[PDB]
Amino acid sequence: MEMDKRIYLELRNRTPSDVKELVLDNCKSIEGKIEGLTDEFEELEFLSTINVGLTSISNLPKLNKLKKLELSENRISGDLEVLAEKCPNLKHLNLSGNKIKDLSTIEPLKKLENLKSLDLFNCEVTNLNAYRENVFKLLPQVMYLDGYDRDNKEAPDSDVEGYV
């Protein structure tokens, strides 16, 4: 079952509008098209595409209820400017192992004022000095980067009740 059929299999259990989370994990794509991810996904919040061979994300539908997009382990070397349209509500984006090597590539992300957390694990920006500090210079929305916030604290899951 290819990328589209992986999606199709789940869409059989529930229609795109009812799919809150659907992951394409290590699934061979059609070619360079997702196909299955249409803007029929009303309440699609969590989605991952771990190692599916996506070089460009110019196949994204306008998911206005999105929350988490894992694009980790893909040949993403740009084409992020499409996110301003398809993801004007996304706060969580994983670029783990993606070919985002320069701060110029993350500039389109400043258009997404909802972004709160970025994952740069094994991302190409690791070859940059003070990569976190430089990201906060451009992207002023994200509060968390690689698990640590602006205070250099690991994102508290319980002990964040206005105290430290």
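Residues that are crowded, with 18+ Cβ neighbours inside 10 Å, more than 23 Å from residue 18 (Cα to Cα) and in contact with a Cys (Cβ under 7 Å, 6 or more places away or on another chain) are absent from the range 67-80 altogether. Of all residues in the range 115-143, exactly one satisfies the criterion of being in contact with a strand residue (DSSP E or B) (Cβ under 8 Å, 6 or more places away or on another chain), part of a helix (DSSP H, G or I) and touching a residue at least 24 places away in the same chain (Cβ under 8 Å), namely 135. Of the residues contained in the range 97-108, none is found to be in contact with a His (Cβ under 9 Å, 6 or more places away or on another chain), over 18 Å from residue 26 (Cβ atoms) and charged (D, E, K, R).
Does residue 110 qualify as being within 26 Å of residue 61 (Cβ to Cβ), in contact (Cβ under 8 Å) with a residue 24 or more places away in the chain, charged (D, E, K, R) and assigned to a helix (DSSP H, G or I)? So residue 110 passes the test.
Selection over the range 19-33 of residues that are farther than 14 Å from residue 69 by Cα and touching a helix residue (DSSP H, G or I) at 6+ places or on another chain (Cβ under 9 Å) gives a count of 6. The range 20-105 holds strands (runs of 3 or more DSSP E) entirely within its bounds, and those carrying 1 or more residues that are out of contact with any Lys or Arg (no Cβ under 9 Å at 6 or more places or on another chain) map to 68-70. For the range 116-164, the set of residues classified as small (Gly, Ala, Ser) and surrounded by 12 or more Cβ atoms within 10 Å (Cβ to Cβ) consists of 117, 155, listed by residue number. Of the listed requirements (1) in contact with a strand residue (DSSP E or B) (Cβ under 7 Å, 6 or more places away or on another chain); (2) surrounded by fewer than 21 Cβ atoms within 10 Å (Cβ to Cβ); (3) more than 18 Å from residue 150 (Cα to Cα), residue 95 misses just one: (2).
Every number in this text was worked out from the coordinates using simple rules, so none of it is lab data. With ideal geometry, Cβ positions are generated from the backbone for all residues, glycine too; neighbour counts draw on all protein chains shown.
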